[PDB]
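What follows is a single structure, written as structure tokens, with notes after it.
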Amino acid sequence: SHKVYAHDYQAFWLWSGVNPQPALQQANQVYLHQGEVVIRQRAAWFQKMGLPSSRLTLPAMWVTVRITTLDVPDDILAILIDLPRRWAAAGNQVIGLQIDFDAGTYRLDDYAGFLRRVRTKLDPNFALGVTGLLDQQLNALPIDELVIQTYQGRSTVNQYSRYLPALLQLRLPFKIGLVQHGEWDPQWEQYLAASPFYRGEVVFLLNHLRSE
Numbered sequence: 009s010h011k012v013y014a015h016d017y018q019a020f021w022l023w024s025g026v027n028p029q030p031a032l033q034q035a036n037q038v039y040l041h042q043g044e045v046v047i048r049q050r051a052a053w054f055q056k057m058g059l060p061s062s063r064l065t066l067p068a069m070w071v072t073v074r075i076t077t078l079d080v081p082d083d084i085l086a087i088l089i090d091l092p093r094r095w096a097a098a099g100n101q102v103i104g105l106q107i108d109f110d111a112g113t114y115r116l117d118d119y120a121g122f123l124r125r126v127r128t129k130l131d132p133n134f135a136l137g138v139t140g141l142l143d151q152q153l154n155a156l157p158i159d160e161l162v163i164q165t166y167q168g169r170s171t172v173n174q175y176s177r178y179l180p181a182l183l184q185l186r187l188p189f190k191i192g193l194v195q196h197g198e199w200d201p202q203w204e205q206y207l208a209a210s211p212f213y214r215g216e217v218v219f220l221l222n223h224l225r226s227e
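If you want it as structure tokens, here you go:
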């Protein structure tokens with residue numbers, strides 16, 4: 009049960025402020041962070057972050073946006089669903105849009121409604137993915160892929176293992192998100208391999224600390 013090394017994995021998040029790493033040259037998928045919807049003055053606001061839409065040396069990619077509120081007008085949603093369009097028009101193979109839910113406490117009907125709205129406005133060639141901290152009802156979500164995050168910041172959350180046993184009940188393609196160099200017991204991988212819906216792991220790449 010060592011730390012997480014990128015050279016052992018093949019899918020990655022590239023977040024705002026993180027430098028590309030050679031592991032991205034062996035990957036099948038990359039999840040490209042592109043901004044966040046946040047509350048500025050009791051009102052939703054999209055802040056674009058990360059790389060500009062352009063041609064880059066990457067595998068098939070997702071556009072990832074962190075959503076900290078579900079009170080979002082249709083104009084922001086139009087922005088969000090244009091993002092994968094813009095990355096595709098630059099010449100990249102784009103799989104779709106991944107919403108990273110970091111939005112406190114809503115009822116699952118709320119998340120379902122948000123995802124239904126997004127799916128309505130998202131071009132049908134693009135898939136719709138979900139990711140978020142661990143937290151079965153999930154199967155009702157109108158999504159194509161779910162990624163269960165096991166980390167906070169630079170560290171794996173202690174007792175993440177409490178949430179993994181039940182994932183064998185998922186009925187949609189799912190992955191486990193790990194942070195680079197975090198604590199991780201890879202035996203869990205084999206466990207989750209029992210499910211025909213398990214699609215492996217995604218690694219959150221990190222930069223060095225200025226202190227190191």
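Positions 9 to 143, 151 to 227 (the entry's author numbering) are the ones given, in order, by the sequence shown. Backbone N, C-alpha and C define an ideal beta-carbon position, used for all residues, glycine too.
Using a Cβ-Cβ cut-off of 6 Å (strictly less than) and excluding sequence neighbours within five positions of residue 44, which residues of its own chain qualify? These residues qualify, in order along the chain: 55 and 74.
Under 9 Å between C-beta atoms of residue 82 and residue 129: In this structure, the beta-carbon distance from residue 82 to residue 129 falls below 9 Å.
Does the Cβ-Cβ distance between residue 193 and residue 153 come in under 9 Å? Contact flag unset, no.
Write down the C-beta distance between residue 162 and residue 189 rounded to the nearest angstrom, noting that I regard them as a contact closer than 8 Å. Residue 162 to residue 189, Cβ: 7 Å. Contact.
Would residue 60 pass as a contact of residue 38 if the rule is Cβ separation under 9 Å? No, these two residues do not count as a Cβ contact at 9 Å.
Sequence-distant residues of the same chain with beta carbon closer than 6 Å to residue 57, five excluded per side: For residue 57, the CB contacts under 6 Å within the same chain, skipping 5 residues up- and downstream, are 24 and 43 in chain order.
Taking the alpha-carbon positions, what's the residue 91 to residue 18 distance? So the two alpha carbons sit approximately 24 Å from each other.
Assuming residue 49 is part of the beta strand (DSSP E), what are its boundary residues? Counting along the chain, residue 49 falls outside any beta strand (DSSP E), and DSSP gives it neither H nor E.
In chain order, what residues of the same chain have a beta carbon less than 7 Å from the beta carbon of residue 209, not counting five sequence neighbours either side? Within its own chain, the residues whose Cβ lies closer than 7 Å to the Cβ of residue 209, once the five positions on either side in sequence are excluded, are 183, listed in chain order.
First and last residue of the alpha helix (DSSP H) that includes residue 175? Looking at the DSSP string, residue 175 is not in any alpha helix (DSSP H), and its letter there is neither H nor E.
Reference residue 99; option with closest CA among 62, 76 and 151: Of the candidates 62, 76 and 151, the one whose C-alpha sits nearest the C-alpha of residue 99 is 62.
Cβ distance (whole Å) where residue 137 is taken to contact residue 70 below 8 Å: The pair is a contact, with the Cβ atoms about 6 Å apart (cut-off 8 Å).
Which word fits residue 10, buried or exposed, when buried means at least 16 other C-beta atoms lie within 10 angstroms of its C-beta? Exposed, by the Cβ-count rule.
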